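Novice: Pasting in a structure now, in structure tokens, and then I'll have a few things to ask.
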Amino acid sequence: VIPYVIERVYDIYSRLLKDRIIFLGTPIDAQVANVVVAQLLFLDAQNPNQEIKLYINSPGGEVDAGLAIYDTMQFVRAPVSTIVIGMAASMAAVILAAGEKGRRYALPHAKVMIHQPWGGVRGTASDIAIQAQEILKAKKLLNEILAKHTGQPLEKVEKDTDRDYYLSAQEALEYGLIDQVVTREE
Amino acid sequence: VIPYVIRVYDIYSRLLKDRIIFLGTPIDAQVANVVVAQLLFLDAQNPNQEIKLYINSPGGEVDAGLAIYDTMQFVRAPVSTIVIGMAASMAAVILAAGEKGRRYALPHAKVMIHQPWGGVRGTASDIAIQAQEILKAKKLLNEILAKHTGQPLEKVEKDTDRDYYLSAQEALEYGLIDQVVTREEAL
Amino acid sequence: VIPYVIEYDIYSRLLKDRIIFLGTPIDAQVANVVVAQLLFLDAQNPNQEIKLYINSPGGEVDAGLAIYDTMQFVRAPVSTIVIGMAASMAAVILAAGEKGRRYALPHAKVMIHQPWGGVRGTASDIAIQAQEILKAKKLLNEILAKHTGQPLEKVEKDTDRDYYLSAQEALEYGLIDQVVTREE
Amino acid sequence: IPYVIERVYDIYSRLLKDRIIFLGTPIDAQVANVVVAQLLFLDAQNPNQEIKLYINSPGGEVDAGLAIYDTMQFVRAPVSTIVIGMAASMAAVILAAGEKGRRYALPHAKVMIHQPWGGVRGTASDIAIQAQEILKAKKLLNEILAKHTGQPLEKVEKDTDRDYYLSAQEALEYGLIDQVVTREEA
Amino acid sequence: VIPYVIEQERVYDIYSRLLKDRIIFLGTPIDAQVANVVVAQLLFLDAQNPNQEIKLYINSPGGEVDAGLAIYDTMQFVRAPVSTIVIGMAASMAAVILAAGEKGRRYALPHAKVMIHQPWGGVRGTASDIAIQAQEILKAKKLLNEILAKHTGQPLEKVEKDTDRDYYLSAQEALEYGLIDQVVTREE
Amino acid sequence: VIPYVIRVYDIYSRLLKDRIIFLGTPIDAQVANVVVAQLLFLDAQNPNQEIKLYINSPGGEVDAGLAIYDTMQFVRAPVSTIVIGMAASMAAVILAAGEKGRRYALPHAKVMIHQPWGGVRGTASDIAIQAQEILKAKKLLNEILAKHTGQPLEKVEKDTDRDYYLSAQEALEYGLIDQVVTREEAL
Amino acid sequence: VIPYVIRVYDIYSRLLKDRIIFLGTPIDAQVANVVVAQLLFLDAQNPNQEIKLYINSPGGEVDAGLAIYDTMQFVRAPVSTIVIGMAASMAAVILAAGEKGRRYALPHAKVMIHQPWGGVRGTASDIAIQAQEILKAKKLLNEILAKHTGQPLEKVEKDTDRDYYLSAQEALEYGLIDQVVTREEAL
Amino acid sequence: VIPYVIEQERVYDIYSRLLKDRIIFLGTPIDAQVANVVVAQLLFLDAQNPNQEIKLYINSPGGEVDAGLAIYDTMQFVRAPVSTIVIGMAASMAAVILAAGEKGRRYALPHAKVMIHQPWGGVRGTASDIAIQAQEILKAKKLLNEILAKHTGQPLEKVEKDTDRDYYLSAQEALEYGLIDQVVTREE
Amino acid sequence: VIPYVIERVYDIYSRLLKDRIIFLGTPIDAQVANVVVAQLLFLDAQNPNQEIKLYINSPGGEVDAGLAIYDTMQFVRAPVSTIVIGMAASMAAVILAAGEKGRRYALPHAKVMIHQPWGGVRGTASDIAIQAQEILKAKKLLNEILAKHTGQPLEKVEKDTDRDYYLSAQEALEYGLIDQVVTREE
Amino acid sequence: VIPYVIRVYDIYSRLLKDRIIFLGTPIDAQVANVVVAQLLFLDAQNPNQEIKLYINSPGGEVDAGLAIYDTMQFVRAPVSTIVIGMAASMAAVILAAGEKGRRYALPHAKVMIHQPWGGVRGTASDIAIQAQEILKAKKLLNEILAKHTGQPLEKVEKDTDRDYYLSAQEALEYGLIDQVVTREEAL
């Protein structure tokens with residue numbers, strides 16, 4: 001059930017998209033990634049110099065899908081501000097941390113969590129070795145991305161993500177995942 | 001079966017034009033996102049006009065409910081809360097979080113507060129981590145409740161140990177609402 | 001298939017004439033949409049009648065009381081008309097219409113009964129839930145006694161089991177004001 | 001279940017020959033009836049010789065567990081109880097109900113006591129009746145535990161409000177058993 | 001929950017709106033119905049202007065061989081040059097389609113992944129029917145290796161050896177392999 | 001996810017405006033009816049302008065496929081057929097049934113022809129009736145293929161005994177199409 | 001299909017007559033009870049004669065595994081343990097708990113040790129109770145392994161953090177067994 | 001519907017009756033429970049007489065590696081010589097067990113089939129857990145190739161190449177490979 | 001529900017096994033093959049010179065399982081007479097035809113059917129090629145076995161088994177699959 | 001729930017000792033095999049003593065029923081048939097196939113004859129083959145019925161076109177049985 005607004009009839013999310021606001025509010029798969037990539041490219045084509053706001057409330061999801069969002073944020077000229085409302089876990093926390101530096105925000109009771117990737121393999125030993133190597137490459141890459149955007153040493157990030165690593169908004173600020181905890185509007 | 005008005009509105013969209021939002025379901029991430037979206041939209045249209053949030057919900061996910069809570073505190077527009085029916089658990093937190101003086105209940109509405117519910121699976125290491133998170137959430141929700149009701153924290157911790165039901169008048173005495181409204185001329 | 005009108009689906013068209021249908025079992029979403037319609041019509045005009053057509057087996061107590069409370073709250077008088085059946089929470093809502101403007105079609109029926117529920121959990125949790133339902137049972141008997149004019153002790157006895165009334169019997173009970181057969 | 005010759009026994013039937021009964025499953029009416037049948041049989045064979053009830057059970061239905069409890073008190077034969085593994089809820093009541101002086105635990109066995117749980121659907125009148133029955137059951141089980149452990153009733157009622165787990169040594173301190181047994185010498 | 005745009009009256013969902021800018025998404029596993037709708041957009045855009053570039057964004061694990069080849073053939077069939085961009089993943093038939101973009105206009109985002117491998121299938125039936133189905137798969141396997149060799153510039157024997165099992169490439173490795181022409185990091 | 005064009009067309013509806021029809025799914029009665037409806041509509045719009053039928057289908061029900069076949073022969077408008085992807089069984093009959101000279105394949109498209117498949121349960125009398133119908137369908141389809149390909153009937157009957165797969169060039173040699181097209185100028 | 005021997009024994013019952021018990025399935029309460037019953041029976045038959053416990057199990061419930069562990073320590077009869085196949089988690093604890101000097105492995109048998117796994121749903125209070133129990137079980141199992149292997153407690157706790165697989169020779173180096181046997185004269 | 005024999009009082013099902021003649025059947029997929037019951041029969045027969053031959057008839061597609069290795073080790077563990085006979089099929093771990101029979105006493109019926117191939121498995125979990133499981137599979141793969149090389153006399157590199165995919169052998173080919181010692185057609 | 005006989009208690013099939021009679025009365029899988037092989041080896045060990053009777057009423061089944069039965073019939077010294085009652089299809093018809101020459105029988109309304117094998121393959125193209133080669137080898141082998149035991153030219157057998165090839169008892173006699181149609185007992 | 005006699009018999013095994021066989025289920029291969037096994041056993045014990053086959057069956061698979069039929073004709077022992085309840089389709093063929101003069105029905109037993117029922121799936125070629133088999137079975141069963149009843153083949157073909165029900169007295173007049181038996185002294 002999603003309500004509508006006029007002025008031209010908009011659903012609420014389309015209405016906010018007109019104001020350069022995108023929601024990443026679901027677990028992340030290819031389809032979620034494609035629609036977020038589509039909106040980022042659209043907004044950047046309309047104006048490559050105006051801020052885009054990406055609101056995040058997501059438990060994360062597929063690595064390749066999350067990296068397509070990450071890469072498109074880095075690619076577009078428009079600066080992408082990130083705001084976690086609720087939860088930003090796993091690939092969603094990487095995306096949060098990938099916002100334009102200085103414009104990564106959290107609501108006071110929002111939560112961030114980072115952890116190593118999860119996977120599965122079925123097949124002959126030969127096929128398993130191939131797939132295990134890919135997941136091991138993904139694990140290293142995500143730690144490198146997190147270290148780069150938080151300023152933390154890679155060695156520390158690798159230690160912290162070995163299991164589920166939960167951060168309050170203030171703790172995520174100290175970690176370097178966000179730039180500001182926002183409580184009240186101007 | 002959602003009715004319409006005429007350019008074309010469903011009934012909830014029509015009320016949204018009048019700065020009325022409904023929280024009438026169990027709360028998950030998707031419900032929180034759409035309520036947050038409506039709050040931000042209305043606050044962007046006019047940060048000085050009241051928003052009314054009608055509540056009829058059994059609660060739901062803590063993170064999702066806290067996203068609504070934080071957005072209510074964040075926006076400049078004052079958010080009046082009205083429980084029709086029931087406001088339980090995270091929905092009771094949100095009810096109590098409305099603009100002070102503008103928190104209302106219909107006469108036969110019910111409020112219920114209780115500690116959070118959860119689940120954990122995994123190794124002992126993973127379970128300890130998840131158990132810590134449930135424990136922090138329980139403490140935080142009791143703190144938010146004490147803060148918006150004025151009750152001492154210890155009393156709240158004790159009252160929410162099991163399901164704690166309040167009538168509208170009892171919720172008023174508890175500090176969860178400001179007024180029980182029976183008739184419209186009384187406003 | 002729900003047909004349309006151009007000046008609307010048929011229910012939206014009737015809402016333009018200040019008519020609301022309560023024609024399904026009552027849960028939170030049904031209560032919310034009926035409440036929304038009542039508030040909308042009352043904000044359009046707080047002095048003109050609203051007509052609530054009822055054909056429902058009842059449903060959740062909290063949801064039914066949300067409709068009941070909103071009917072009492074709005075300034076607009078809410079006329080109630082049972083077509084078909086009005087059972088349990090829907091019979092409460094019928095009886096709560098503006099006095100003098102509660103109607104029934106000749107073969108429509110009303111049924112009143114104590115609430116129904118369930119509880120699972122430890123003994124401590126069951127004790128809490130049992131007392132909420134027992135408070136609900138008393139309150140619904142009090143509301144029915146109030147709007148019918150029957151003594152509370154009589155209502156409590158009559159609703160111990162399913163208590164069916166014809167339209168004429170519901171009139172005598174005090175749950176409605178008039179059985180209407182013809183339009184005229 | 002293996003078999004023994006010298007005319008063939010399964011292992012549990014073979015141990016019954018030595019006056020040993022196993023309570024090794026969740027407790028329902030059926031489990032209670034066969035345990036009761038074994039208690040009555042052994043007591044009729046010899047009302048003066050000890051019976052050994054080995055316990056490894058998460059508990060179960062109250063009425064079924066109390067049928068075992070009552071039959072233990074009823075028979076003249078002394079019933080020694082031994083928890084191997086776990087004795088939870090109604091099974092902890094049964095453990096504690098063994099002949100005083102003859103309630104034993106292996107060193108890593110676990111005991112747990114807690115208030116009863118249940119459910120009912122129906123009219124308010126029917127729910128009121130069922131809630132009353134659960135409340136009487138809760139009081140009765142706390143009274144039985146107070147009786148056999150020597151603990152004050154108020155303490156037992158406070159302890160069983162939620163799951164109350166005890167090690168073997170803690171169960172000894174509680175009064176639920178008489179001895180933690182480690183090796184077969186005494 | 002796909003958002004909409006108004007007259008950028010005219011109402012577009014976001015993908016229809018990008019289609020107006022000659023952008024097509026291949027963002028799902030490939031079956032006949034996905035292939036048909038991508039072929040339809042290719043034919044439509046080429047009829048509107050046969051000289052303007054088309055951009056095909058790819059985020060797909062691949063799929064049915066016949067369906068992927070319908071997309072491949074339609075790309076060569078239309079006069080409009082089709083640029084391919086892998087965002088996320090381009091595996092199997094999707095990697096064939098990525099590599100089939102206009103030479104010089106095959107792109108990857110920095111962390112996109114490409115994977116190539118021999119086809120997979122199944123058949124039940126009599127030995128006669130199974131032999132027929134096995135022969136079709138072996139022809140498909142050879143054809144896909146030939147198409148890949150053609151668009152990468154790699155020797156056929158190398159491609160056949162590399163696709164015997166799942167062969168994963170980073171964006172930079174796919175450039176070195178010849179499946180793409182450029183890894184793009186920032187817009188400009 | 002089917003995109004739209006501008007007033008409002010989905011992409012297939014937009015292409016239908018240019019006299020293009022897709023047969024891109026397994027064939028049942030509902031697929032045949034909508035393809036028949038599009039053929040009749042285009043032929044009524046202009047009985048002299050070409051219609052393009054794009055084919056990517058594994059075939060399907062015989063009666064449904066023959067309704068498409070019969071409607072193509074019936075309408076005055078010439079129907080060009082183009083297999084993109086695959087055209088198997090009734091879809092291959094339909095491909096071969098396009099206007100002589102205007103039956104096309106993309107280079108890696110595939111055609112397959114084979115005898116019909118069915119099933120029946122019932123009494124021996126009922127089974128005998130159903131077996132004779134499938135027998136008549138098998139003969140009729142071989143006759144239609146022989147007609148549109150120019151192949152002798154005994155050859156078609158031998159070839160369709162089991163799944164008979166053809167590349168685009170081999171389908172050209174068979175007489176099922178008139179031209180393999182690589183670039184669009186060829187049409 | 002379990003064969004029989006002659007009066008009537010199945011093969012496991014026949015081997016039980018020779019004081020041999022198999023732990024060859026995942027461990028739950030029912031498996032522990034029947035293994036306990038066999039240990040008590042053999043020990044009552046003769047408290048001085050060796051019992052052989054053949055192990056091929058992925059482990060299982062902690063309480064069930066500890067009932068087997070405790071009964072082995074309790075009975076006067078010495079219990080030799082022999083892993084054929086695999087002995088993981090509680091089965092590895094049971095293997096290492098055999099009589100000192102009489103813990104054996106076949107050459108390609110494998111041992112694996114790891115911390116316990118569980119789950120719980122419920123209120124925060126109930127979850128806190130269950131997390132402390134799994135925490136106590138995790139510590140207790142590391143202490144038991146340290147005792148029977150001679151390894152320092154901190155090493156066992158580090159090693160069992162994730163699945164820790166050992167060959168027969170590596171389990172010998174760990175102290176989980178006393179001898180790798182290739183031919184039967186070695187026992 | 002397994003038939004019975006009487007005192008050939010004493011009642012045997014047919015398999016228990018053949019067990020009396022020191023015959024064991026491995027005629028199902030191999031899991032822990034199959035391995036345990038075969039190990040139990042091996043231990044029982046060897047305790048009754050450690051010097052008399054045991055006959056293990058094989059008709060199995062293989063199964064779990066640990067379970068098959070428990071049978072393999074117990075065959076070497078017992079003093080009694082274990083003769084293996086493949087009737088029907090001996091694939092994977094069952095082919096390892098076939099080849100592990102007493103040298104000179106490994107047999108095949110004329111149309112029996114043998115197949116060898118690398119192990120298969122699966123895992124879900126965190127990357128850390130997956131790496132642990134992948135390492136166990138790779139050790140199992142190497143160990144099984146080493147055991148096969150040992151009992152066939154084949155070079156390790158040859159066995160590793162041959163088991164990369166399903167490697168089927170007729171009875172005569174299995175003799176030439178070294179997995180069996182004799183193809184037997186008629187009794188005598 | 002299978003009835004019993006005495007003299008010693010036998011089920012009916014075990015009682016007939018005492019008279020050297022084996023039933024192949026089910027579809028053929030490994031388990032069916034193993035139990036038939038077990039009975040053939042048992043009877044041949046009891047007396048390698050006395051006839052064994054194999055009654056057949058089966059639609060056939062797995063090729064490897066059927067060949068294990070076939071090979072054991074050829075292996076044992078005891079002559080195996082085959083009798084089809086009801087139906088002998090596919091692998092069951094091969095087994096029927098493999099009986100001792102002169103002692104292969106059919107009841108008058110029994111039916112025989114021969115046809116090429118059926119299979120399935122799933123996997124990469126490489127795996128499919130391997131499996132398709134195995135089924136093609138099985139198809140050739142079964143035609144060679146049928147030709148050898150019927151005396152028919154291999155080329156004819158290969159043509160006849162291309163689809164389901166049904167034979168009446170008299171037609172199976174003329175084909176060489178059996179030696180005699182039996183109507184009445186001596 | 002099958003009762004016993006005392007060395008130990010279930011009730012059907014006890015009656016088998018008296019040369020009584022029950023055909024009391026739908027007929028498939030497994031039922032035919034066990035009835036054939038009993039017929040052969042009894043005939044081997046004494047080829048000169050009557051066997052009684054009690055019938056209460058709706059019929060079943062043709063090949064399975066024909067195996068019983070052929071074994072009845074094959075054995076030297078005369079097989080008397082008695083329908084109690086119902087003998088339909090293949091069970092009616094078997095009833096009519098008992099030893100002439102020894103085919104009986106209880107007074108309210110029912111007999112029904114009808115053409116066979118089947119199913120076919122596959123290509124047209126495979127369906128034609130299966131259709132031929134159903135057709136041969138239909139002709140053969142009508143021939144067997146004409147042979148044991150003495151009815152002309154054409155009449156049987158006509159009567160079995162649909163379900164053809166007979167009372168015991170009508171089955172006697174049809175030639176399917178020889179006697180309706182009401183009381184035991186009448187034998």
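Each chain in the structure tokens gets a letter, A, B, ..., in the order shown, and its residues are numbered from 1; ligands are numbered from 1 in order too.
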If you run DSSP on the backbone here, which positions in segment 17-119 of chain B get strand (DSSP E)? Please write them as a ChimeraX atom specification.

Specialist: /B:20-23,51-57,79-88,103-105,110-113,117-119

Novice: Print the selection's residues with N, CA, C and O atoms to a file, as a compact mmCIF listing (two decimals), in the first residue's frame.

Specialist:
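Okay, again.txt is ready:
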# COMPACT_ATOMS: atom_id res chain seq x y z
N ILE B 20 -1.87 13.75 7.22
CA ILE B 20 -2.25 12.62 8.06
C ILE B 20 -1.55 11.38 7.53
O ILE B 20 -1.63 11.08 6.33
N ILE B 21 -0.85 10.67 8.41
CA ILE B 21 -0.16 9.43 8.10
C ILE B 21 -0.75 8.32 8.96
O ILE B 21 -1.04 8.55 10.14
N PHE B 22 -0.92 7.13 8.39
CA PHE B 22 -1.41 5.97 9.14
C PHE B 22 -0.28 4.97 9.36
O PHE B 22 0.40 4.58 8.41
N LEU B 23 -0.11 4.55 10.61
CA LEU B 23 0.74 3.41 10.96
C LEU B 23 -0.20 2.31 11.47
O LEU B 23 -0.46 2.19 12.68
N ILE B 51 1.87 17.38 11.85
CA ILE B 51 1.61 16.10 11.21
C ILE B 51 0.90 15.22 12.23
O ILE B 51 1.24 15.24 13.42
N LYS B 52 -0.10 14.49 11.77
CA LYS B 52 -0.80 13.62 12.64
C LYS B 52 -0.51 12.19 12.26
O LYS B 52 -0.72 11.82 11.16
N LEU B 53 -0.06 11.40 13.22
CA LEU B 53 0.23 9.99 12.94
C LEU B 53 -0.79 9.13 13.68
O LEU B 53 -0.75 9.04 14.91
N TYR B 54 -1.72 8.52 12.93
CA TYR B 54 -2.70 7.62 13.54
C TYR B 54 -2.10 6.23 13.68
O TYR B 54 -1.48 5.72 12.74
N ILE B 55 -2.27 5.62 14.84
CA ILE B 55 -1.57 4.38 15.17
C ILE B 55 -2.58 3.30 15.51
O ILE B 55 -3.45 3.49 16.37
N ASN B 56 -2.44 2.15 14.84
CA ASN B 56 -3.21 0.95 15.14
C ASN B 56 -2.31 -0.21 14.73
O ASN B 56 -2.44 -0.78 13.63
N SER B 57 -1.41 -0.59 15.63
CA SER B 57 -0.33 -1.51 15.28
C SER B 57 0.10 -2.37 16.46
O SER B 57 0.18 -1.86 17.59
N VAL B 79 4.98 16.20 15.35
CA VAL B 79 4.25 14.99 15.00
C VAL B 79 3.33 14.65 16.16
O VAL B 79 3.78 14.15 17.20
N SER B 80 2.03 14.86 15.96
CA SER B 80 1.04 14.43 16.92
C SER B 80 0.69 12.97 16.68
O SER B 80 0.55 12.54 15.53
N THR B 81 0.58 12.20 17.76
CA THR B 81 0.28 10.77 17.67
C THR B 81 -1.09 10.49 18.27
O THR B 81 -1.48 11.09 19.28
N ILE B 82 -1.84 9.60 17.62
CA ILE B 82 -3.18 9.22 18.05
C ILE B 82 -3.31 7.72 17.91
O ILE B 82 -3.23 7.19 16.80
N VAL B 83 -3.50 7.02 19.03
CA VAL B 83 -3.78 5.60 18.96
C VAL B 83 -5.28 5.40 18.85
O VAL B 83 -6.06 5.90 19.68
N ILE B 84 -5.68 4.72 17.79
CA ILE B 84 -7.01 4.18 17.59
C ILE B 84 -6.84 2.67 17.61
O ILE B 84 -5.93 2.14 16.97
N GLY B 85 -7.63 1.98 18.40
CA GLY B 85 -7.36 0.55 18.47
C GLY B 85 -6.25 0.17 19.43
O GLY B 85 -6.47 0.17 20.65
N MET B 86 -5.05 -0.14 18.93
CA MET B 86 -3.99 -0.66 19.79
C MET B 86 -2.63 -0.12 19.34
O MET B 86 -2.38 0.06 18.15
N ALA B 87 -1.77 0.16 20.32
CA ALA B 87 -0.39 0.59 20.05
C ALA B 87 0.45 -0.24 21.00
O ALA B 87 0.55 0.08 22.19
N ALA B 88 1.04 -1.32 20.49
CA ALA B 88 1.78 -2.24 21.32
C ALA B 88 3.25 -2.22 20.95
O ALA B 88 3.61 -2.09 19.78
N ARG B 103 -0.19 13.96 22.26
CA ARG B 103 -0.30 12.50 22.21
C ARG B 103 -1.68 12.09 22.73
O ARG B 103 -2.02 12.39 23.88
N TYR B 104 -2.46 11.41 21.88
CA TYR B 104 -3.88 11.19 22.15
C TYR B 104 -4.23 9.72 22.05
O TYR B 104 -3.57 8.93 21.36
N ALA B 105 -5.33 9.35 22.72
CA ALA B 105 -5.91 8.02 22.61
C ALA B 105 -7.42 8.15 22.58
O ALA B 105 -7.99 8.99 23.28
N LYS B 110 -6.02 0.72 23.44
CA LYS B 110 -5.17 -0.03 24.34
C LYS B 110 -3.71 0.25 24.01
O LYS B 110 -3.34 0.38 22.84
N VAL B 111 -2.88 0.34 25.05
CA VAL B 111 -1.43 0.47 24.91
C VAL B 111 -0.78 -0.70 25.63
O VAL B 111 -1.26 -1.13 26.69
N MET B 112 0.30 -1.22 25.07
CA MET B 112 1.01 -2.31 25.71
C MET B 112 2.51 -2.13 25.51
O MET B 112 2.95 -1.83 24.40
N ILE B 113 3.27 -2.32 26.58
CA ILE B 113 4.73 -2.22 26.50
C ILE B 113 5.32 -3.52 27.02
O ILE B 113 4.74 -4.19 27.89
N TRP B 117 11.63 -9.16 21.68
CA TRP B 117 11.60 -10.57 21.37
C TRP B 117 12.57 -10.80 20.23
O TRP B 117 12.75 -9.94 19.37
N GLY B 118 13.20 -11.96 20.21
CA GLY B 118 14.19 -12.19 19.18
C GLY B 118 14.46 -13.65 18.95
O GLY B 118 13.72 -14.53 19.42
N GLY B 119 15.53 -13.90 18.22
CA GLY B 119 15.97 -15.26 17.98
C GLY B 119 17.44 -15.19 17.63
O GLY B 119 17.95 -14.16 17.17

Novice: Would you mind listing, as an MDAnalysis selection string, all residues of chain A that have at least one atom within 10 Å of chain E, where only C-alpha atoms are what counts?

Specialist: chainID A and resid 2 8:18 22 30:39 41:42 44 46 48 63:78 126:127 130:131 133:134 138 141

Novice: Got a sec to pull out which chain B residues are within 12 Å of chain H, counting only C-alpha atoms, and send them as a ChimeraX atom specification?

Specialist: /B:122-123,126

Novice: Output C-alpha atoms of each residue in that selection to a file, as a compact mmCIF listing (two decimals), in the first residue's frame.

Specialist:
# COMPACT_ATOMS: atom_id res chain seq x y z
CA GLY B 122 24.72 -20.23 15.23
CA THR B 123 27.87 -21.11 17.08
CA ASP B 126 27.74 -15.90 17.08

Novice: Fewer than 3 positions away in the same chain doesn't count, so skip those; otherwise give me all residues within 12 Å of residue 147 of chain D, counting only C-alpha atoms, as a VMD selection string.

Specialist: chain D and resid 93 96 to 97 100 140 to 144 150 to 153 156 174 to 176

Novice: How many Å separate atom CA of residue 183 of chain B from atom CA of residue 78 of chain B?

Specialist: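 We find that atom CA of residue 183 of chain B and atom CA of residue 78 of chain B lie 22.6 Å from each other.
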
Novice: Excluding segment 146-161 of chain J and its own-chain neighbours fewer than 6 positions away, which residues fall within 10 Å of it when counting only C-alpha atoms? Please give them as an mmCIF file with C-alpha atoms, in the first residue's frame.

Specialist:
data_model
loop_
_atom_site.group_PDB
_atom_site.id
_atom_site.type_symbol
_atom_site.label_atom_id
_atom_site.label_comp_id
_atom_site.auth_asym_id
_atom_site.auth_seq_id
_atom_site.Cartn_x
_atom_site.Cartn_y
_atom_site.Cartn_z
ATOM 1 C CA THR F 123 -11.191 -46.988 -22.148
ATOM 2 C CA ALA F 124 -9.842 -48.827 -25.186
ATOM 3 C CA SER F 125 -12.619 -47.270 -27.316
ATOM 4 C CA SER J 89 -13.368 -56.716 -14.798
ATOM 5 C CA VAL J 93 -12.609 -63.026 -16.052
ATOM 6 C CA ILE J 94 -10.864 -65.046 -13.339
ATOM 7 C CA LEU J 95 -14.215 -65.971 -11.761
ATOM 8 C CA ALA J 96 -15.550 -67.195 -15.105
ATOM 9 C CA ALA J 97 -12.271 -69.102 -15.597
ATOM 10 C CA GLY J 98 -12.776 -71.454 -12.637
ATOM 11 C CA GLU J 99 -13.339 -75.154 -13.168
ATOM 12 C CA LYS J 100 -16.575 -75.552 -15.074
ATOM 13 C CA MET J 112 -19.262 -56.746 -13.781
ATOM 14 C CA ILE J 113 -17.543 -56.973 -17.158
ATOM 15 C CA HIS J 114 -16.193 -54.148 -19.301
ATOM 16 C CA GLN J 115 -13.522 -53.323 -21.837
ATOM 17 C CA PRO J 116 -10.041 -52.467 -20.544
ATOM 18 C CA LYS J 138 -9.675 -55.715 -25.477
ATOM 19 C CA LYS J 139 -10.170 -58.322 -28.199
ATOM 20 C CA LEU J 140 -8.433 -61.051 -26.188
ATOM 21 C CA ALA J 171 -24.346 -64.042 -14.047
ATOM 22 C CA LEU J 172 -25.582 -67.634 -13.914
ATOM 23 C CA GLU J 173 -27.842 -67.046 -16.928
ATOM 24 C CA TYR J 174 -24.943 -65.317 -18.709
ATOM 25 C CA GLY J 175 -22.676 -68.354 -18.177
ATOM 26 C CA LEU J 176 -20.120 -66.663 -15.906
ATOM 27 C CA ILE J 177 -20.916 -68.979 -12.951
ATOM 28 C CA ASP J 178 -22.544 -72.373 -12.470
#

Novice: May I ask you to extract the residues of chain G within 6 Å of chain D, using only C-alpha atoms, and to give them as number ranges by chain?

Specialist: G: 13, 63-64, 67, 74-75

Novice: Using DSSP assignments from the backbone, pull out every residue in segment 8-158 of chain I that falls under helix (DSSP H, G or I) and give it to me as JSON, numbers by chain.

Specialist: {"I": [12, 13, 14, 15, 16, 17, 18, 30, 31, 32, 33, 34, 35, 36, 37, 38, 39, 40, 41, 42, 43, 44, 45, 46, 63, 64, 65, 66, 67, 68, 69, 70, 71, 72, 73, 74, 75, 91, 92, 93, 94, 95, 96, 97, 125, 126, 127, 128, 129, 130, 131, 132, 133, 134, 135, 136, 137, 138, 139, 140, 141, 142, 143, 144, 145, 146, 147, 148, 149, 150, 154, 155, 156, 157, 158]}

Novice: Excluding segment 131-137 of chain G and residues on its chain fewer than 4 positions from it, collect all residues at most 7 Å away from it, counting only C-alpha atoms, and give them as a ChimeraX atom specification.

Specialist: /B:124,127-128,131 /G:127,141

Novice: Residues of chain C within 12 Å of chain D, counting only C-alpha atoms - could you list those as a VMD selection string?

Specialist: chain C and resid 113 to 138 140 156 159 to 162

Novice: Would you mind listing what lies within 7 Å of residue 77 of chain D as a list in words, with only C-alpha atoms counted and same-chain residues fewer than 6 positions away left out?

Specialist: residues 43, 47, 48, 49, 50 and 51 of chain D
